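What follows is one chain in structure tokens, specifically the form deposited in one PDB entry.
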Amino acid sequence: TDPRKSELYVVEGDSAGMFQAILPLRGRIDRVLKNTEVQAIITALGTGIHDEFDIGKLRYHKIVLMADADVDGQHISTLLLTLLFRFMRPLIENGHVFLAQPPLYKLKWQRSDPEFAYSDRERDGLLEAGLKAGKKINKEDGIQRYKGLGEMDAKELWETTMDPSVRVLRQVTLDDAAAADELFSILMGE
């Protein structure tokens, strides 16, 4: 439960699923700060914002953003990384911010546990290794290509994106957050 042993997952957006807290974010910067879901995330982090930001009050060692690979999922991650870059910058600078890579494929092996691939390369690798081991797979429907997080059952979502020994996390750098901030400014101007 301790901040050092605590993580906060922010699950985005309209196609959604060590202490692991979880908060949603569904989907004008002043209007976004008034949004209830945004307010809950900011409050849970416990640092305060802008000039009131206090790193010592950080409630979570890791902040993990989880969204779909599509434009809808990108839009929400862009929004949250911009809010963090503009009002809670040391969270990014000190390496607390991460992006969860959801699995792209589920390999439905006939008489064994299903395997999950995070890229086309891993899918091909796992398929070859499985067939070589003697595992069986249906050529027509044995490989499920995920379209969103909502397609996964809650148990497999945890196994693939939240289990620390299995999950694929990418650290958000200051340059990554600056690129999200630029993207936000471009889209607002459009």
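Rigid core: the largest C-alpha set superposing within 1.5 Å between the two forms. All residue numbers refer to positions in the sequence shown, first residue = 1.
One more form of this protein exists, namely the form deposited in another entry; it is left out here, but the text below deals with it.
(request) Compare the position of the CA of residue 132 between this form and the one not shown after a rigid core fit and state whether the shift reaches 2 Å. (result) Shift of 2 Å or more: yes.
(request) Align both forms on the core first, then report whether residue 141 has a C-alpha shift of 2 Å or more between this form and the one not shown. (result) Residue 141: C-alpha displaced by 2 Å or more between this form and the one not shown.
(message) My question is whether residue 169 is one of the residues whose C-alpha shifts by 2 Å or more between this form and the one not shown, given a fit on the rigid core.
(response) Not so; residue 169 is displaced by less than 2 Å.
(message) If the C-alpha spacing of residue 184 and residue 89 moves by 3 Å or more in the other form, is that a move closer or farther apart?
(response) Here the pair is farther apart than in the other form; there, closer.
(request) Looking in the other form, decide if the C-alpha atoms of residue 184 and residue 93 are closer or farther than in the form shown; they differ by 3 Å or more. (result) Between the C-alphas of residue 93 and residue 184, the gap narrows in the other form (3 Å or more compared with this form).
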